Structures are given as C-alpha cells and as structure tokens.
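Numbering-wise (PDB author numbering), the sequence shown opens with residue 1 and increments by one. Heads up, the beta-carbon is just placed ideally off N, CA and C, and yes, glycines get one too. Data block below; observations after.
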Amino acid sequence: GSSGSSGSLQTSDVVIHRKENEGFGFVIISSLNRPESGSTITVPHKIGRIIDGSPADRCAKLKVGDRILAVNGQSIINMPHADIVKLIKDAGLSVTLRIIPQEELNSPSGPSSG
Numbered sequence: 001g002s003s004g005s006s007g008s009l010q011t012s013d014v015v016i017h018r019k020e021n022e023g024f025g026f027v028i029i030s031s032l033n034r035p036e037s038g039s040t041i042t043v044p045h046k047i048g049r050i051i052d053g054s055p056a057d058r059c060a061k062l063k064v065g066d067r068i069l070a071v072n073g074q075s076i077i078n079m080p081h082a083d084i085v086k087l088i089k090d091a092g093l094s095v096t097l098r099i100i101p102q103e104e105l106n107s108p109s110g111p112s113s114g
C-alpha cells in the first residue's frame, strides 16, 4: 500500500495573526496582466518583501518567493488589486493565504543575489 497520491497540484494554508495597532508585514509582487498565448512559467502574485519583525516573518512558513493562489478562499486571479487589498483588510487581524508549495526546487543560482 504505497504512500503517495495520483500527482496533482498541491496547496498550503498560511494563517497570519496581528493586532489592530500593527500591519500584516508582507508585500505581493508581479502581475503580468498580459495574456500570453503559450504557457510560460509565470505567476501574477508572489511574496516580494516581508517587514523584518512582522507576523508574516514569525509565521516561519511564508517567505519571499511564495506563489499565492487565493486569499481567504477567494481566487485572486481576475480580482482587481483593490479587491485583494480589501480582502486582506476584511480579514482584519487573521488572514489566510492559500499558496502553492513545491518539492521540485533545487539551487537556481545566477549572476545575482536575490
């Protein structure tokens, strides 16, 4: 009886908690809201910056690189950034980032320091 599954896309649930006096200390980058005819390996949304000393950083899960998929179960695909901004704010102090994890990463390297 094998461990494993059928090999389908996978997901994770990063909850992050704060107080009303303080931020959610994460930032989303990319967008590329330009319909590409072919499948490139591109994401509209991933983590770009995290505030040093945030509840994001101390979640000890969510780091810069993390491809996002939904926000409190809402598919952030066609949503305007205004909706997505308002969805996080509507979550108040506790927010759920549905992200896509991976197992297929290994050292990318390049002539850079990201």
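CA-to-CA, the gap between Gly92 and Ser3 works out to about 39 Å. Positions of the beta strand (DSSP E) runs, each at least 3 residues long and wholly inside the stretch 24 to 107, are given as 26 to 29, 46 to 50, 68 to 71, 94 to 99 in order along the chain. Between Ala60 and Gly25, the C-beta spacing is not below 8 Å.
Leaving aside the five residues that flank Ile88 on each side, the residues in its chain whose CB is nearer than 7 Å to its CB run, in chain order, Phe24, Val71, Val95. Separation of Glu36 and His81 (C-alpha to C-alpha, rounded to the nearest whole angstrom) is 20 Å.
Taking C-beta atoms as the reference points, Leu32 and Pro44 count as a pair closer than 8 Å.
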